[PDB]
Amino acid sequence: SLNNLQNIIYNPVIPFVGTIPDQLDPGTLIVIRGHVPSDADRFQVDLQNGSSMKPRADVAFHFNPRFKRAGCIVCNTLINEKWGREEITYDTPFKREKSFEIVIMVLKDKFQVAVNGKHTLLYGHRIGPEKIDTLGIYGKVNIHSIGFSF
């Protein structure tokens, strides 16, 4: 249910980097609605521990749709500016030129991500979700709205 969703950011400039307004506890939703441009190669939604650029902030959850060939979604974690083991999902709902809704649900042990009302993937926590305070969106994507449900 999105009954408790509060959208707070509309049509942000990409790259977007913003502080998440509350702690990511179990049951929390992050809802991101947008559109993939016709020329898009990839974009990413990063749940970060902070906004440092140099050195680069750890990314607890990197969610990275890629559009070349058949398309896929790569998920990973960045710690100390280095990527870990990739989890690749080949069954991807994203398409160039199409609007989407991403719902990231925070659970005790993992994130559960649904796109366009359908389950897409799970990602086990590698960094405690209490350490996530920043949402970054980068790459070739247009974002209509960002909201949270706590």
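Just so we're on the same page, rigid core means the largest C-alpha set that superposes within 1.5 Å between forms. Numbers follow the displayed sequence, beginning with 1.
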query = Fitting on the core, do the C-alphas of 130 to 138 or of 8 to 16 deviate more in 6 other deposited structures of this protein?
reply = 8 to 16
ask   = Higher mean Cα B-factor in the deposited model: 35 to 43 or 99 to 107?
value = 35 to 43
query = Given the B-factors recorded for C-alpha atoms, which segment has the greater mean, 16 to 24 or 130 to 138?
reply = 16 to 24
request  = By the entry's C-alpha temperature factors, tell me which of 65, 93, 124, 50 sits highest.
outcome  = 93
30, 70, 113, 59, ranked by C-alpha B-factor: the highest one = 70
